[PDB]
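There is one chain below, alone, in structure tokens, taken in the form deposited in one PDB entry.
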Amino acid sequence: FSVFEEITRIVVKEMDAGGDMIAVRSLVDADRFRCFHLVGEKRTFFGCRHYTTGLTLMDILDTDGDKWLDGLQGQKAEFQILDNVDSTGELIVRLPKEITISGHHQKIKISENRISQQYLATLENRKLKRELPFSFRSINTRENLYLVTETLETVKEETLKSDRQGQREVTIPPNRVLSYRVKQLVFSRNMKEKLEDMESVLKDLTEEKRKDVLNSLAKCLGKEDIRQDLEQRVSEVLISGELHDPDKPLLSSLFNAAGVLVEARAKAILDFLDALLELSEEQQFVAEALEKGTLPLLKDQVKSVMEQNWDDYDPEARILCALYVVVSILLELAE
């Protein structure tokens, strides 16, 4: 939870609490959350994850019926974006008592962009290409492809201090997207039950396959390079259903005795690797407990805290949640 994410979730709660507005969690990928840009989605343990892409809607529009394109293909497409985005006005977010502007009722001014209502009404009959760009179709399906239809952005440089717990500070440059809305271009349990589904999926693996998984996942703790690589390879195999490979023992564990890829095993691993993303310095506790055999103590310690506060909206809960999932799965593989 950076101060940036703290700021963007305030924006969403004040503008659309409980709606379809999504906050930007990181300042570096904010430029890919612009209107007409495409966003990928995937069901996770915590809901759904929103993945940036390098694509716009023009990249996926089937334009074969048109005759006049056979640099005009890039010129015609770029005007379709610039002409159908309206600056519908500005809005005022009052900030809670913890947030303070450096340099009274504290407020920030943000600006809205929206795809025109007229253009959206014609989105139903525009045709999408049969084959999507490889950068997306290799890791996600066509039905998880979304279009950014609305954004909120800052209008000036904003230096915001926070004392939520201190002296945490972020400097948001002008014109930075803070929140956005997506629209689907084509066409759920409780935690304990979703983890039991995960653990049930992995229990049906053979002994050797469960040790290949545990060995690969342990190498991901505190090493984001290996976790990002593992998430990419598991996603690709979930799509392709084949394998040739350095990550051969983990990917081979997703297939059953008959050689059929069990998609639940791939989703279960992906939910693990996404939960690991919610942890930062906590991954070193997990790697330590796994090393010294105190994973059960770490699990009971997380559970005890989780029961004591039942009395990233709550970022502490999200951390405890990912911790409980990560430690429970590792403990189950090591049985």
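C-alpha atoms forming the largest set that superposes within 1.5 Å between two forms make up the rigid core. Numbers for residues come from their place in the sequence shown, where the first is 1.
Another form exists, deposited in another entry; not displayed. Remarks below refer to it.
Colleague: Superpose the two forms on their rigid core, then report whether the C-alpha of residue 206 is displaced by 2 angstroms or more between the shown form and the other one.
Modeller: Yes, the C-alpha moves 2 Å or more.
Colleague: Determine, after fitting the two forms on their core, whether residue 261 shows a C-alpha shift of 2 Å or more between the shown form and the other one.
Modeller: Yes; that C-alpha moves by at least 2 Å between the shown form and the other one.
Colleague: Rigid core aligned, does the Cα position of residue 139 differ by 2 Å or more between the shown form and the other one?
Modeller: Yes, its C-alpha moves 2 Å or more.
Colleague: Can you tell whether residue 282 sits closer to or farther from residue 160 in the other entry than it does here, judged by CA atoms, where the change is 3 Å or more?
Modeller: Closer in the other entry, by 3 Å or more.
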